[PDB]
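J.: Structure provided below as structure tokens; questions to follow.
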Amino acid sequence: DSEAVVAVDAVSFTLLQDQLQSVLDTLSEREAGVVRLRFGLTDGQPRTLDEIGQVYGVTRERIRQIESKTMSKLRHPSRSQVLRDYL
Amino acid sequence: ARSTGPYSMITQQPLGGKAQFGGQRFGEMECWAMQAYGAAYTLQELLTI
Amino acid sequence: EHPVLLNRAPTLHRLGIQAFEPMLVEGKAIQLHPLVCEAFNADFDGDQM
Amino acid sequence: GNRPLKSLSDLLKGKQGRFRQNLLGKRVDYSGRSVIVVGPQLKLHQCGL
DNA sequence: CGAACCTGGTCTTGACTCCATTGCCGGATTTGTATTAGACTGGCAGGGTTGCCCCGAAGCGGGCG
DNA sequence: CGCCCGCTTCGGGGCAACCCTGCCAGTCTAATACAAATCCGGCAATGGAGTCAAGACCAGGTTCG
Ligand SMILES: [Mg+2]
């Protein structure tokens, strides 16, 4: 049954979620909120730049600046060695 | 040997034979043997989870 | 200190399943203690457990 | 090929029904087999692996 | 003790690009349905041999209103 | 006269161990004619979503008077 639950990717995915929430908690709060809303990690609904700037009450260019700054922070390998093995 | 491998289609048992992984058939007489010991939890293990 | 079971089909009676403490052995054949051959009805003609 | 078909009553009758084949005796995970050899230096509660 | 700096971002504003997303709109293709006027008129066709057990069905000899 | 029931036989379903080990089975009147549906290919309304350039804006760490 090649669509059955493989039972090792599931626990790898749960460990991915735990480690990913830890690494996203290593940042500040506006940053992690922007990342979680930009990639839908809180409900499965991917919020875009205008919704995020609306729910934070700023402009969308500020949201894109914060997005680029944090995604530059995450590509630093100190925030990345614990996630590199997850591909 | 098998820890977790392929699974059967209609029923959801582990598969069979060294060509796949498969497990060994914990058949009916072995169920009788572990009943006769009185090991109830291990029988529940081997037939559910 | 983590025991395993040793089935031998056909499990005629209650002592076909016993629990042994395992230990690591060079090679690929399960080493069985000789004093349970009478319970397992296991000569060493190529029997598998 | 002139093979009789398998109706609903043939899913339960005989040795290949759900009862004798998949309800009572299941393939299990966390399992394995091998050929056996004599272990005359083992303790009684030990075994090879 | 103050002046001036230059730099950490913080945020906004406007201008521009790109891109999905319907919306027609027309041709291609795909699927369904109908119609063929000489006469034609009751199937192939195969297997199947164990033995034992329990039970239920059909039948035959036995007596009888 | 025809009427009914006790043993006999005929048939019919159920069962006959258990581990591994294997892996994918068949065949002919034949096309037109049309219409609904579907689909797919190409511009054409976008406006939303992203992207950059520029700056205003602070208020704090760095240096000169
Ligand atoms: Mg033997």
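The way I read the labels, and the way they are meant: chains A, B, ... in the order of the structure tokens, residue 1 as the first residue of every chain, and ligand 1 as the first ligand shown, with later ones counted on from there.
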If we count only C-alpha atoms (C1' of nucleotides) and set the cut-off at 9 Å, which residues sit around stretch 32-36 of chain B, ignoring sequence neighbours fewer than 4 positions away in its own chain? Please answer as a PyMOL selection string.
T.: (chain B and resi 27-28+40+42-43) or (chain C and resi 11-17)
J.: Find the spatial neighbours of stretch 22-38 of chain E, counting only C-alpha atoms (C1' of nucleotides), within a cut-off of 10 Å - ignore same-chain residues fewer than 4 positions away - and output them as a ChimeraX atom specification.
T.: /F:31-46
J.: Applying 12 Å and only C-alpha atoms (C1' of nucleotides), which residues near residue C:5 remain after dropping the ones on its own chain fewer than 3 positions away? List them as a PyMOL selection string.
T.: (chain B and resi 26+30+34+42+46) or (chain C and resi 2+8+15-22+32+49) or (chain D and resi 30-33+45-49)
J.: For the selection you just gave me, I'd like the residues written to a file as a PDB file, in the first residue's frame, keeping C-alpha atoms.
T.:
```pdb
ATOM      1  CA  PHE B  26       1.831 -15.143  14.740  1.00  0.00           C
ATOM      2  CA  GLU B  30       0.823 -19.377  19.095  1.00  0.00           C
ATOM      3  CA  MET B  34       0.286 -17.280  24.937  1.00  0.00           C
ATOM      4  CA  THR B  42       1.484  -9.318  24.931  1.00  0.00           C
ATOM      5  CA  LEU B  46       0.780  -8.588  18.950  1.00  0.00           C
TER       6      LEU B  46
ATOM      7  CA  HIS C   2      15.179  -6.604  27.222  1.00  0.00           C
ATOM      8  CA  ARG C   8       9.071 -22.332  16.557  1.00  0.00           C
ATOM      9  CA  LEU C  15       6.500 -24.132  25.632  1.00  0.00           C
ATOM     10  CA  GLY C  16       6.839 -23.295  21.960  1.00  0.00           C
ATOM     11  CA  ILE C  17       7.160 -19.632  22.930  1.00  0.00           C
ATOM     12  CA  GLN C  18       9.715 -18.751  25.568  1.00  0.00           C
ATOM     13  CA  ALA C  19      11.414 -15.507  26.533  1.00  0.00           C
ATOM     14  CA  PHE C  20      15.186 -15.308  26.551  1.00  0.00           C
ATOM     15  CA  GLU C  21      17.543 -12.518  27.322  1.00  0.00           C
ATOM     16  CA  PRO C  22      19.336 -11.811  24.041  1.00  0.00           C
ATOM     17  CA  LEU C  32      19.798 -21.500  20.913  1.00  0.00           C
ATOM     18  CA  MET C  49      12.863 -19.907  14.781  1.00  0.00           C
TER      19      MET C  49
ATOM     20  CA  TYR D  30       9.034  -6.047  15.180  1.00  0.00           C
ATOM     21  CA  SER D  31       9.829  -9.559  14.064  1.00  0.00           C
ATOM     22  CA  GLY D  32      12.366 -11.731  12.350  1.00  0.00           C
ATOM     23  CA  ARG D  33      13.540 -15.263  11.733  1.00  0.00           C
ATOM     24  CA  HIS D  45      18.084 -17.656  30.330  1.00  0.00           C
ATOM     25  CA  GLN D  46      20.404 -16.289  27.638  1.00  0.00           C
ATOM     26  CA  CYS D  47      20.231 -16.867  23.908  1.00  0.00           C
ATOM     27  CA  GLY D  48      22.122 -15.974  20.807  1.00  0.00           C
ATOM     28  CA  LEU D  49      21.065 -13.207  18.503  1.00  0.00           C
TER      29      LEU D  49
END
```
J.: Per residue of chain A within 9 Å of stretch 8-16 of chain B, note the shortest atom pair and the distance in Å to one decimal, counting only C-alpha atoms, and order the rows by chain and increasing residue number, as CSV.
T.:
```
residue,atom,partner,partner_atom,distance
A:1,CA,B:9,CA,5.1
A:2,CA,B:9,CA,8.9
A:4,CA,B:9,CA,8.8
```
J.: DSSP on the backbone, then: every residue of stretch 17-57 of chain A marked helix (DSSP H, G or I), written as a ChimeraX atom specification.
T.: /A:17-25,29-39,49-56
J.: Would you put the residues from that selection into a file with N, CA and C atoms, as an mmCIF file, in the first residue's frame?
T.:
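The resulting file, again33.cif, is shown below:
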```cif
data_model
loop_
_atom_site.group_PDB
_atom_site.id
_atom_site.type_symbol
_atom_site.label_atom_id
_atom_site.label_comp_id
_atom_site.auth_asym_id
_atom_site.auth_seq_id
_atom_site.Cartn_x
_atom_site.Cartn_y
_atom_site.Cartn_z
ATOM 1 N N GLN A 17 8.413 19.869 13.001
ATOM 2 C CA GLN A 17 7.576 20.939 13.526
ATOM 3 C C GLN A 17 8.082 21.444 14.865
ATOM 4 N N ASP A 18 8.533 20.541 15.737
ATOM 5 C CA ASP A 18 9.026 20.966 17.045
ATOM 6 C C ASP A 18 10.299 21.794 16.917
ATOM 7 N N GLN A 19 11.251 21.312 16.113
ATOM 8 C CA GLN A 19 12.496 22.042 15.919
ATOM 9 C C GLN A 19 12.265 23.354 15.189
ATOM 10 N N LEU A 20 11.292 23.381 14.282
ATOM 11 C CA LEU A 20 11.026 24.583 13.515
ATOM 12 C C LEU A 20 10.366 25.642 14.385
ATOM 13 N N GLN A 21 9.474 25.232 15.291
ATOM 14 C CA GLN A 21 8.911 26.195 16.228
ATOM 15 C C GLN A 21 9.964 26.709 17.192
ATOM 16 N N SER A 22 10.931 25.867 17.568
ATOM 17 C CA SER A 22 12.013 26.340 18.428
ATOM 18 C C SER A 22 12.868 27.388 17.724
ATOM 19 N N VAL A 23 13.250 27.116 16.475
ATOM 20 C CA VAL A 23 14.102 28.043 15.733
ATOM 21 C C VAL A 23 13.354 29.337 15.430
ATOM 22 N N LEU A 24 12.058 29.247 15.140
ATOM 23 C CA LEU A 24 11.285 30.467 14.964
ATOM 24 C C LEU A 24 11.028 31.192 16.274
ATOM 25 N N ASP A 25 11.117 30.504 17.407
ATOM 26 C CA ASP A 25 11.048 31.207 18.676
ATOM 27 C C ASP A 25 12.383 31.798 19.090
ATOM 28 N N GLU A 29 9.318 38.650 18.158
ATOM 29 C CA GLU A 29 7.928 38.216 18.091
ATOM 30 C C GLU A 29 7.239 38.691 16.818
ATOM 31 N N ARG A 30 7.485 39.944 16.416
ATOM 32 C CA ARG A 30 6.943 40.449 15.156
ATOM 33 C C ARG A 30 7.478 39.651 13.983
ATOM 34 N N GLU A 31 8.759 39.297 14.052
ATOM 35 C CA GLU A 31 9.420 38.532 13.004
ATOM 36 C C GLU A 31 8.788 37.157 12.829
ATOM 37 N N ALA A 32 8.636 36.425 13.933
ATOM 38 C CA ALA A 32 8.068 35.087 13.864
ATOM 39 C C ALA A 32 6.595 35.131 13.493
ATOM 40 N N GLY A 33 5.882 36.172 13.925
ATOM 41 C CA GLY A 33 4.499 36.323 13.506
ATOM 42 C C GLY A 33 4.375 36.556 12.014
ATOM 43 N N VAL A 34 5.289 37.357 11.457
ATOM 44 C CA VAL A 34 5.303 37.607 10.017
ATOM 45 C C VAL A 34 5.598 36.324 9.254
ATOM 46 N N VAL A 35 6.532 35.518 9.756
ATOM 47 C CA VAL A 35 6.893 34.279 9.069
ATOM 48 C C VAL A 35 5.746 33.274 9.131
ATOM 49 N N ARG A 36 5.124 33.139 10.307
ATOM 50 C CA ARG A 36 4.026 32.191 10.467
ATOM 51 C C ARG A 36 2.816 32.591 9.642
ATOM 52 N N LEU A 37 2.536 33.886 9.535
ATOM 53 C CA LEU A 37 1.416 34.284 8.700
ATOM 54 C C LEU A 37 1.763 34.230 7.222
ATOM 55 N N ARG A 38 3.024 34.468 6.875
ATOM 56 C CA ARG A 38 3.423 34.448 5.479
ATOM 57 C C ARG A 38 3.421 33.034 4.930
ATOM 58 N N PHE A 39 3.689 32.045 5.777
ATOM 59 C CA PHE A 39 3.759 30.667 5.316
ATOM 60 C C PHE A 39 2.667 29.782 5.899
ATOM 61 N N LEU A 49 0.831 39.678 1.944
ATOM 62 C CA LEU A 49 1.482 40.857 2.498
ATOM 63 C C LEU A 49 0.475 41.892 2.970
ATOM 64 N N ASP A 50 -0.630 42.045 2.246
ATOM 65 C CA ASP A 50 -1.604 43.056 2.632
ATOM 66 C C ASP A 50 -2.376 42.638 3.875
ATOM 67 N N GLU A 51 -2.699 41.346 4.003
ATOM 68 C CA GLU A 51 -3.382 40.875 5.207
ATOM 69 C C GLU A 51 -2.476 40.975 6.420
ATOM 70 N N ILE A 52 -1.186 40.702 6.236
ATOM 71 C CA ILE A 52 -0.262 40.791 7.358
ATOM 72 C C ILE A 52 -0.047 42.245 7.763
ATOM 73 N N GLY A 53 0.099 43.141 6.784
ATOM 74 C CA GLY A 53 0.203 44.556 7.094
ATOM 75 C C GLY A 53 -1.077 45.141 7.651
ATOM 76 N N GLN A 54 -2.216 44.527 7.341
ATOM 77 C CA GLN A 54 -3.475 44.971 7.920
ATOM 78 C C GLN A 54 -3.611 44.509 9.362
ATOM 79 N N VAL A 55 -3.263 43.252 9.640
ATOM 80 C CA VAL A 55 -3.420 42.732 10.991
ATOM 81 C C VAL A 55 -2.329 43.261 11.916
ATOM 82 N N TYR A 56 -1.243 43.804 11.370
ATOM 83 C CA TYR A 56 -0.287 44.538 12.182
ATOM 84 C C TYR A 56 -0.416 46.046 12.046
#
```
J.: Each residue of chain F with at least one atom at most 9 Å from chain C should appear once, together with its nearest atom pair and the corresponding distance in Å (one decimal); atoms considered: only C-alpha atoms (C1' of nucleotides); ordering: chain, then increasing residue number; output as CSV.
T.:
```
residue,atom,partner,partner_atom,distance
F:17,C1',C:10,CA,8.0
F:18,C1',C:10,CA,5.1
F:19,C1',C:9,CA,5.1
```
J.: Give the residue list for ligand 1 at 6 Å, counting only C-alpha atoms (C1' of nucleotides) and all ligand atoms, as a PyMOL selection string, sorted by chain and then by residue number.
T.: chain C and resi 42-47
J.: Would you save the residues from that selection as a PDB file, in the first residue's frame, using C-alpha atoms?
T.:
```pdb
ATOM      1  CA  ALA C  42      14.131 -28.751  17.654  1.00  0.00           C
ATOM      2  CA  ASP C  43      16.923 -30.772  16.202  1.00  0.00           C
ATOM      3  CA  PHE C  44      19.535 -28.826  14.274  1.00  0.00           C
ATOM      4  CA  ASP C  45      18.776 -30.223  10.828  1.00  0.00           C
ATOM      5  CA  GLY C  46      18.055 -26.698   9.581  1.00  0.00           C
ATOM      6  CA  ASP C  47      15.158 -25.639  11.775  1.00  0.00           C
TER       7      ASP C  47
END
```
J.: How many Å lie between atom CA of residue D:19 and atom CA of residue B:47, rounded to one decimal?
T.: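 Computing it gives 13.4 Å between the two atoms.
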J.: Which residues of chain D come within 9 Å of chain B, and what is each one's closest atom pair and distance in Å (one decimal), counting only C-alpha atoms, sorted by chain and residue number, as a tab-separated table?
T.:
```
residue	atom	partner	partner_atom	distance
D:20	CA	B:28	CA	7.8
D:21	CA	B:27	CA	8.4
D:22	CA	B:11	CA	8.1
D:23	CA	B:47	CA	8.8
D:24	CA	B:28	CA	5.9
D:25	CA	B:27	CA	3.9
D:26	CA	B:25	CA	5.5
D:27	CA	B:25	CA	4.4
D:28	CA	B:23	CA	5.0
D:29	CA	B:23	CA	5.5
D:30	CA	B:3	CA	4.3
D:31	CA	B:2	CA	5.4
D:32	CA	B:1	CA	4.0
D:33	CA	B:1	CA	6.6
D:34	CA	B:1	CA	8.7
```
